[PDB]
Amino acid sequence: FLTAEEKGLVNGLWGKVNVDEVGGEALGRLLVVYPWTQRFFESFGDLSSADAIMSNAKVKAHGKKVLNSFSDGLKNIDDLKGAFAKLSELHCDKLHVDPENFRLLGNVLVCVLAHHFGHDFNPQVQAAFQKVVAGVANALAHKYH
């Protein structure tokens, strides 16, 4: 699914990711950038402003579980489908999230990677993480029915 050339660029960059805060910045921005997605997270409390969303503790901590889910999906890249089976069922049956929304969280996460890694986040590193998020997203979409 991923060449050793790309696999190196991905894990090379992932190994540097602040695992405590890259996910909460990605989820927070999903809610700032795409305000309608907020209706799925009302249980999270105060989301009335970008500053409130970006400093929200449930947002930050749900973001870490999402990042852990990408992390664990990287460790199973040759069968993403299997690694996202129960999360696909969850997002479908329980959460009623349109998978067309999955694309938006991958793109925001990439943007978060770009924001933090700067000149290190070159076109080639990006293309590979685009490969990853697209495949994570399609795996999360696979078990809709």
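One-based numbering along the sequence shown.
Participant: So which stretch wins on mean C-alpha B-factor, 107 to 115 or 56 to 64?
Facilitator: In the deposited entry, the stretch with the higher C-alpha B-factor mean is 56 to 64.
Participant: Could you settle it for me: does 92 to 100 or 66 to 74 have the higher average Cα B factor in the PDB entry?
Facilitator: Averaged over C-alpha atoms, the B-factors run higher in 66 to 74.
Participant: Relative to the other modelled residues in the chain, which third contains the C-alpha temperature factor of residue 28: lowest, middle or highest?
Facilitator: Lowest third of the chain for residue 28's C-alpha B-factor.
Participant: Give the position of residue 143 by CA B-factor within its chain, expressed as the lowest, middle or highest third.
Facilitator: Residue 143: CA B-factor falls in the middle third of its chain.
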